[PDB]
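Only one chain is given next, in structure tokens, and it is the form deposited in one PDB entry.
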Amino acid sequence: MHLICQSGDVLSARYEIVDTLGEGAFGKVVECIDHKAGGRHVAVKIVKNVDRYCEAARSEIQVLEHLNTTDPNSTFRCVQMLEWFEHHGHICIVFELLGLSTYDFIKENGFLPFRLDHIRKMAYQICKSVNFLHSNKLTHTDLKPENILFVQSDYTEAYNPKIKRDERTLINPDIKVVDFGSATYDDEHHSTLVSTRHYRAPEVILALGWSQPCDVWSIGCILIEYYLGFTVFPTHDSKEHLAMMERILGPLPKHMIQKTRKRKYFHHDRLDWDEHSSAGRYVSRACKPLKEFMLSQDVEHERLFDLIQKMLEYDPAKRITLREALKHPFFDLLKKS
């Protein structure tokens, strides 16, 4: 992989590598000068030569040709793919250049949460963009802070004596959504497993089928991370996740516990869980009812926490849609002149 990129390398006799932006399971994204587009800077994703990622990359291109044709102005803030190509048998996708991820900024800002007026603007653009997928019979399936990128990443730094550390604040918190490698059409085959551990919806964990709603869950989880600076679901393990869900959101619905073919996770009608074990005590300590995480009782926090609660509905049918989410009172303050 690194054998196929170094600063100075030229790709498709067009793109000159100046910087690695970041790496991942997929491969790496590099910043390039495009010599045949007036020296415009672009991001190029170089995909690991594994069929798994090869397949993912190829569908990502078909989804983005679709989204780009449907929204040529990029009004719904999906990342714009400019073109793609092959370099030593690795698939390469060229995008408009974006800054670092909402995850990166949190991490670099000392794992501090975003301030609320930024969460509102970011939550809206995430909901508008992902709803545009939902309007076009697509589910992203893999929403997480890492896959939400800032257009501009520039920030001011200032010492907050409220928290006794230096705090970084975005100038422009505008975001776009990336990684359509896992995006599935309503008419296409649905994988048994989708989404990253912490942002997996309960319908997905319990193998009850999934669709647009499994995205709304993930967003719910994103907005908590932004509010706190850490996930409220810190775990790799499936059963542990449901146990944390139970402590924060309350008991799983009767019908979902009934219908699930993953009966490994249940003992009659309750989660098969020794609360007095390694994972057990950890959950009792690390989790509490959702509303006990609110840092303020200010009206603006409660209306955010009402949306998060609506997004974390256990039943995907009842679960608020993003068309409704965009109407929620939390966003009234964006629409005031």
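Note that the rigid core is defined as the largest set of C-alphas that superpose within 1.5 Å between two forms. Just count from 1 along the sequence shown to find any residue number.
- For the segment pair 203-211 and 262-270, the entry gives 262-270 the higher mean B-factor, averaged over Cα atoms.
- Look at the C-alpha B-factors of 35-43 and of 274-282. On average they run higher in 274-282.
- As recorded in the entry, 164 carries the highest CA temperature factor of 176, 144, 128, 164.
- Residue-level inspection of the entry shows that, of 50, 311, 304, 29, 50 has the top Cα B-factor.
- When the modelled residues of the chain are ordered by C-alpha B-factor, residue 73 sits in the middle third.
- Ranked by Cα temperature factor within the chain, residue 121 sits in the middle third according to the deposited record.
- Among all modelled residues in this chain, the alpha-carbon of residue 193 has a temperature factor (C-alpha) in the highest third.
- Residue 298: CA B factor in the highest third of modelled residues in this chain (values from the PDB entry).
- Per-chain ranking of the deposited C-alpha B factor places residue 229 in the middle third.
In what follows, reference is made to the form deposited in another entry, a form of this protein that is not presented.
- In a core superposition between the shown form and the other one, the Cα of 35 is the only one among 281, 66, 288, 35 shifting by 2 Å or more.
- Annotation for residue 9: C-alpha shift of 2 angstroms or more between the shown form and the other one, rigid core superposed.
- After superposing the rigid core, the C-alpha of residue 194 moves by 2 Å or more between the shown form and the other one.
- Compared with the form shown, the residue 196-residue 266 C-alpha separation decreases in the other form, the change being 3 Å or greater.
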